[PDB]
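Quick setup: one chain, the form deposited in one PDB entry, written in C-alpha cells, and binding and motion questions come after.
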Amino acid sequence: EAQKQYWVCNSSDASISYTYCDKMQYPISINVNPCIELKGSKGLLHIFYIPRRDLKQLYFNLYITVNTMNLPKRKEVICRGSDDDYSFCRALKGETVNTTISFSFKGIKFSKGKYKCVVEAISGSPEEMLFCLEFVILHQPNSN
C-alpha cells in the first residue's frame, strides 16, 4: 500500500495537498474556503476531527520549506488560556470537532516553485503529538 495523498484545494495560484507524517493517527478532514492564494487571501478553514487527545493547550510546531530551503522552526500556540479560545479547545479524547475558523493569509510576492509546511500538532498536557501533517503547496506553473 503506497502512502496516500490528500488534496485540499486548487486556487488560481496554488495547489494544496498533504500527507500524514510520523505515526498514522486518527484522520482529519481539512477544507479551505476559498482555496488559499499564495499571493494572499482570506477565508474559512473547516475542520472535521475526532481527536485522540484532548485539544487543550494545543500548539503547532511549524517547519516551513521554501524550494528545498528549510526555515527555522516556528511555534504558534492555538489553544491558550481561558476564553478568547476556540470552542474546540475544550474538546476531549473522542469528542467530534466540527468547526469553522477564520483566516487571513497575507501572501508572498514573487512566489514560485514549491513550499512545504510540516505541522506538528501537540496537545493535551501531558503534552503528546496529536497529529503530524506535511502540507505541500505547489505554485501553479501557469500563473504568477
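Don't overthink the numbering: it's just position in the shown sequence, from 1.
- Look at the mean CA B-factor for 52 to 60 and for 36 to 44 in the entry; the higher one is 52 to 60.
- The stretch with the higher mean CA B factor, choosing between 22 to 30 and 112 to 120, is 22 to 30.
- When the C-alpha B factors of 70, 82, 96, 100 are read from the deposited coordinates, the top value falls at 82.
- Sort the modelled residues of the chain by CA B factor and residue 77 lands in the highest third.
- In the deposited entry, the Cα temperature factor of residue 129 places it in the highest third of its chain's modelled residues.
- In the deposited entry, the Cα temperature factor of residue 8 places it in the middle third of its chain's modelled residues.
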